[PDB]
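Quick heads-up: it's one chain on its own, the form deposited in one PDB entry, in structure tokens.
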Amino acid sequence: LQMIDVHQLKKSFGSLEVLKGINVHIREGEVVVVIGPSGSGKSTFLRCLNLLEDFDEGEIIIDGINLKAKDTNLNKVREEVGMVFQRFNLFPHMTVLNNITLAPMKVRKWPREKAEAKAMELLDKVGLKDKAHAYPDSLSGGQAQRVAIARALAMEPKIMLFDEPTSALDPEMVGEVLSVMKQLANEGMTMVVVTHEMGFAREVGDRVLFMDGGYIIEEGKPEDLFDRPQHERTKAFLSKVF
């Protein structure tokens, strides 16, 4: 039924409880956009979904695989979840092409040639096939972020997580990244995107999750939550940032 099933997820960092009982259902092929004030645990939530973070209480089931089960291979689960961070996504001492074939070649044992062809295909999809042999330090922010997306997709994941991938870029470079993300959404990839770009949220998001202080205060279709919020805290957040 769901590609991502989260039940009463709780997470603390010592004395500080960040996630206070998150409940989420995301269907395969759905694009879920997460918004909310800072410190609400948006990034922490993504990190949990990417297995970069252990969790205290709750249950997380990815593609029918409970992360707490005996027979669960967490590295295998980590193979089906791709993630793009706000900033440093590439190894600097590696070329674009090699950054992309590294995991597929190691993890999925693809021969160097099967990996590189797939990488050239993803580079073309993001419009940077000509940068295959360049190093990250020579890319613009917008180009590096697109390559970061190609790299994550090279593992052919079932889910793609995005933690404010454009929040850092200058306005000129924002579109080229969102454009790739939109293209990716039209392809049926299950996506979870933390972002402040409400235009992208409305246009390509299937559902929006309003996270505030460790809780999902409201949930709903973009149109319904942005223009018909049902909770004052939601209207509050939406008004102040407008």
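Rigid core here is just the name for the largest C-alpha set that superposes within 1.5 Å across the two forms. Residue indices: 1-based, along the sequence shown.
A second form of this protein, the form deposited in another entry, is not displayed here; the remarks below concern that form.
With the core held fixed, the Cα of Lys106 is displaced between this form and the one not shown by less than 2 Å. Superposed on the core, the two forms barely differ at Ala168: its CA moves less than 2 Å between this form and the one not shown.
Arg87 shows a C-alpha shift below 2 Å between this form and the one not shown [criterion: core-superposed Cα displacement of 2 Å].
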